[PDB]
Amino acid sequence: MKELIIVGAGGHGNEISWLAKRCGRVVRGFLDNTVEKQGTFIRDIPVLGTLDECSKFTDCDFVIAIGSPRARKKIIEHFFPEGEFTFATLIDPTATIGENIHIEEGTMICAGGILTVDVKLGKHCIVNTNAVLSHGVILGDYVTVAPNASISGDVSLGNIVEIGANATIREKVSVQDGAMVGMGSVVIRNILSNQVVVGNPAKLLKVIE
């Protein structure tokens, strides 16, 4: 397979370099805009330069290993014009991927994640450690599902949605584009665009836009 460039050398990039190694991929290096990270390494993998160096690595697959949905969308739209680059899809060997699962490119399915049946993910999604997506779940593009999230049957998550760690979503709930569910939330009602909800049961905290 192509060597991999990981965009983002933070905590998620750290864990995605681990995922890539477990997937048998050779990581060429990271791109990252942080001044303090130039000339640094994670486990023998160098930070190669800033994101505008991506054009020097068109021979590589990319992945955008940054948790923020809006960060991944911003980076793809600025640095990765349609058709110019290829993206990896990384699925941990300990993830369970069942039947009629469709995953678009750039997606990361991490250790212990479970996608059962009839699940559809858009591009550049994250399903983090030990999260569960049950029957009929649909994710748009740039969705982040944090560790231990519990997403019941027939849930729909719009584009640039973030589901926080160990949150629980009732079956048949819809979450509109850009919303965010706080860690630990218990979501029993539909969520509107750009809403942040928190708590048990989840209630509106604020709007992100």
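Sequential numbering from 1, following the sequence displayed.
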Report task. Between 117-125 and 82-90, name whichever shows the higher mean Cα B factor according to the PDB entry. Result -> 82-90
Query raised in the report: Given the B-factors recorded for C-alpha atoms, which segment has the greater mean, 72-80 or 106-114?
Result: 72-80
Query - From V35, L31, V63, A146, residue of greatest CA B-factor - result: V35
Query raised in the report: In this PDB entry, which of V161, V173, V26, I151 has the top CA B-factor?
Result: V26
Report summary line: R22: C-alpha B-factor third of its chain, per the entry, is the middle
**Report entry** Position of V7 among the chain's modelled residues by C-alpha B-factor, lowest, middle or highest third
**Finding:** lowest
Query raised in the report: What third of its chain, lowest, middle or highest, does the C-alpha temperature factor of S185 fall into?
Result: lowest
Report summary line: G178: CA temperature factor from the record, placed by chain third, in the middle
Query - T40 - which third its CA temperature factor falls in, relative to the rest of the chain - result: highest
